[PDB]
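Here's the structure we're looking at; comments come further down.
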Amino acid sequence: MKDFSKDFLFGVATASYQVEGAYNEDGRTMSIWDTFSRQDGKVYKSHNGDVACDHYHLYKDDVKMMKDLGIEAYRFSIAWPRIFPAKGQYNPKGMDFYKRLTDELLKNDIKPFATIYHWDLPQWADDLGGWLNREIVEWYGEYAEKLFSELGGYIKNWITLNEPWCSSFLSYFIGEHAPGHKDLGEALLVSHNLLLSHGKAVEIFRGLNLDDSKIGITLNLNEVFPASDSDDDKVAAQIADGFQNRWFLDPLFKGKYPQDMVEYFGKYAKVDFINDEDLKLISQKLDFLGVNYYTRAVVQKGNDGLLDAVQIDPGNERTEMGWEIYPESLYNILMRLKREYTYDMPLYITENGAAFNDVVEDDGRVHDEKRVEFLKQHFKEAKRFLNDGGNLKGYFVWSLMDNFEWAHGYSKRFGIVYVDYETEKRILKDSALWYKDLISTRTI
Ligand code: NA
Ligand code: NA
Ligand code: NA
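The numbering of the sequence shown is PDB author numbering, which starts it at 1 and goes up by one.
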């Protein structure tokens, strides 16, 4: 009796700038994150993805590594600056890498899930305004259409955007991520142009009518808890919940922005980008939703720079990210989507994982027992989601290997495989061996 069906997809995930390296090889030009990493202080210790895990050169070994673990699906992102290193200038050599990457995956029985945009916007695009420029909808559409045309016979599962909350609010309001702006109004406009660009790709994808091929989007979602019973903390929680979750779930799946947040934001910034025709493109029917889940937020009333909600530390065990380990919110979010937003639409966990202080023992092993127990606890919640009727199709662990964790640089290790960056040596962590056994047995 299986807890995960034979059709269930046990997978792992990466992103192009986090693992590839070869940042200027074969015609790749800079992305906003190459640029951001070279601005003083914007990435911890001035780390950058010049080399990363060198997955661009080592991909055959990395696919062979995944085969030997039993991995059934691999979620990766395609580097826009590799494909169009300049506006209107296609680079065949860049496509060739994803063609041979994909071919190696298929020969090794691994199903490719390709993320179209995972934050590595071409610098030429940002120099024209980037996501603040409404014309990015066409540039993104042409980019997506090129991928569908050249790879659509071999990649059958497509994700338009990874975590637009990060590309918008974290990049243009908080400013921790590239391009690092700090203007709420720009963040709101960016969030709309991202969703509109996603809708353009979906429209193009449907026009092509490719056989047995599916499209969706990936959202990082949390569950928000008020710190107290008070009405002021409940209001703070509604703000945080709409800030993180509802601002993207409502337009995608209801066809409108959450009206309370339209009202709230409207006291501080312009919200005049909303209109009916844009929202119809944004709310097109998807084949699946990918969920990125890591932690919950406990908020109380106040304002410390962001909005009118202050996140607090409730006092339980956290990862090296400072993120609380709270597995039950994974079930609560999945069930909330089933009840209020996605109904019986296929759902995927496109990212879940944890960063811990991994050390290689003198015998060559990594005993990351905290990561093993982390993943055990969350797969148990996925198993409970399935038992209660949830349409969960797969689970992508973040990450296959230690990589470049954005503004943290290489200081945070998410992999089930350890990477010694001086030698690029890969070392299976105990969590990888645990994952391999979970895939073989399919019971937890
Ligand atoms: Na890189
Ligand atoms: Na740098
Ligand atoms: Na949909």
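The C-beta atom is built at its ideal place from N, Cα and C for all residues, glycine as well.
Could you compute how far the alpha carbon of residue i sits from the alpha carbon of residue j?
i, j, result
"residue 196", "residue 250", "14 angstroms"
"residue 334", "residue 302", "29 angstroms"
"residue 263", "residue 332", "27 angstroms"
"residue 414", "residue 376", "15 angstroms"
"residue 322", "residue 409", "15 angstroms"
"residue 23", "residue 50", "5 angstroms"
"residue 280", "residue 198", "12 angstroms"
"residue 67", "residue 110", "7 angstroms"
"residue 52", "residue 21", "5 angstroms"
"residue 310", "residue 225", "11 angstroms"
"residue 112", "residue 210", "16 angstroms"
"residue 89", "residue 433", "44 angstroms"
"residue 227", "residue 233", "6 angstroms"
"residue 108", "residue 188", "42 angstroms"
"residue 146", "residue 205", "11 angstroms"
"residue 171", "residue 42", "12 angstroms"
"residue 115", "residue 273", "26 angstroms"
"residue 419", "residue 316", "29 angstroms"
"residue 259", "residue 169", "18 angstroms"
"residue 215", "residue 287", "5 angstroms"
"residue 357", "residue 404", "15 angstroms"
"residue 245", "residue 362", "44 angstroms"
"residue 293", "residue 349", "8 angstroms"
"residue 65", "residue 265", "47 angstroms"
"residue 9", "residue 435", "12 angstroms"
"residue 134", "residue 87", "15 angstroms"
"residue 85", "residue 373", "42 angstroms"
"residue 177", "residue 212", "35 angstroms"
"residue 180", "residue 406", "12 angstroms"
"residue 285", "residue 80", "25 angstroms"
"residue 341", "residue 422", "46 angstroms"
"residue 27", "residue 412", "29 angstroms"
"residue 125", "residue 29", "11 angstroms"
Does the beta carbon of residue i fall short of 7 angstroms from some heavy atom of ligand 2?
i, result
"residue 359", "no"
"residue 440", "no"
"residue 43", "yes"
"residue 46", "yes"
"residue 77", "no"
"residue 411", "no"
"residue 31", "no"
"residue 365", "no"
"residue 38", "yes"
Does the beta-carbon of residue i have 16 or more other beta-carbons within 10 angstroms, so that it is buried, or is it exposed?
i, result
"residue 270", "exposed"
"residue 17", "buried"
"residue 230", "exposed"
"residue 149", "exposed"
"residue 1", "exposed"
"residue 92", "exposed"
"residue 443", "exposed"
"residue 45", "exposed"
"residue 191", "buried"
"residue 120", "buried"
"residue 242", "buried"
"residue 312", "exposed"
"residue 56", "buried"
"residue 393", "buried"
"residue 153", "exposed"
"residue 366", "buried"
"residue 163", "buried"
"residue 402", "buried"
"residue 359", "exposed"
"residue 277", "exposed"
"residue 327", "buried"
Within the present structure, is the beta-carbon of residue i separated from the nearest heavy atom of ligand 5 by less than 7 angstroms?
i, result
"residue 79", "Only ligand 1, ligand 2 and ligand 3 can be found as ligands here, which leaves ligand 5 out of the picture."
For this session: Any chance you could list the residues with Cβ under 6 angstroms from a heavy atom of ligand 1, keeping chain order?
Result: 17, 20, 21, 23, 49 and 52
Exercise. Relative to ligand 3, what is the chain-ordered list of residues with a Cβ closer than 5 angstroms to any of its non-hydrogen atoms?
Worked result: 285 and 286
For this session: Enumerate, from N- to C-terminal direction, the unbroken alpha helix (DSSP H) stretches of 4 or more residues contained entirely within the segment 49-134.
Result: 55-69, 80-83, 92-107 and 123-127
Exercise. At which residue ranges does the segment 180-232 contain complete beta strand (DSSP E) runs of 3 or more residues, listed in the order of the chain?
Worked result: 214-220 and 224-226
Problem set entry | Residue ranges of each beta strand (DSSP E) within the segment 302-347, 3 or longer | 310-312
For this session: Would you list, in sequence order, the uninterrupted alpha helix (DSSP H) runs of no fewer than 4 residues that lie entirely inside the segment 368-417?
Result: 369-387
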